[PDB]
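Residue numbers for the sequence shown follow the entry's author numbering, so the first one is 431 and each next one is one higher. First up is the structure itself, then whatever we jot down about it.
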Amino acid sequence: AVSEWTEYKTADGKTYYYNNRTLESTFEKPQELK
(Lines of atoms letter the chains of each structure in order from A and count residues from 1; the text may use other names and numbers.)
(Lines give C-alpha, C1' and ligand atoms only; values in the text may rest on other atoms or scores of the structure.)
Protein backbone atom coordinates (compact mmCIF):
# COMPACT_ATOMS: atom_id res chain seq x y z
CA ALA A 1 0.00 0.00 0.00
CA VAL A 2 1.03 3.64 -0.35
CA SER A 3 2.82 4.88 2.75
CA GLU A 4 1.68 8.46 3.28
CA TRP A 5 3.17 8.11 6.75
CA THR A 6 6.94 8.30 6.50
CA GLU A 7 9.08 6.57 9.11
CA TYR A 8 11.77 8.82 10.57
CA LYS A 9 13.60 7.47 13.59
CA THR A 10 16.07 9.62 15.50
CA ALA A 11 18.78 8.07 17.70
CA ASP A 12 17.00 9.75 20.61
CA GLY A 13 14.55 6.88 20.29
CA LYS A 14 11.73 8.83 18.69
CA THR A 15 9.82 7.69 15.63
CA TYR A 16 8.29 10.75 14.04
CA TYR A 17 6.02 10.03 11.12
CA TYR A 18 6.04 12.80 8.56
CA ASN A 19 2.80 13.05 6.64
CA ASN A 20 1.56 15.54 4.07
CA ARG A 21 -1.92 15.42 5.63
CA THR A 22 -0.97 17.86 8.36
CA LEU A 23 2.51 18.64 6.95
CA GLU A 24 3.58 17.49 10.40
CA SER A 25 5.81 14.85 11.92
CA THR A 26 3.69 13.09 14.52
CA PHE A 27 5.10 10.99 17.35
CA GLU A 28 1.91 8.96 17.47
CA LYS A 29 2.03 5.75 15.43
CA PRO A 30 -0.76 6.00 12.81
CA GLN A 31 -3.72 3.79 13.71
CA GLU A 32 -4.27 3.15 10.00
CA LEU A 33 -0.69 2.05 9.45
CA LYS A 34 -0.81 -1.74 9.26
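Beta carbons: idealized from backbone N, C-alpha and C, even for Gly.
Reduced DSSP category for residue i - H, G, I as helix; E, B as strand; rest coil
i	result
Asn-450	coil
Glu-458	coil
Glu-434	coil
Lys-464	coil
Rounded C-alpha distance that separates residue i from residue j
i	j	result
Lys-444	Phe-457	7 Å
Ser-433	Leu-463	8 Å
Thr-436	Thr-452	13 Å
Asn-450	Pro-460	13 Å
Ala-441	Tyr-448	16 Å
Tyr-438	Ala-431	18 Å
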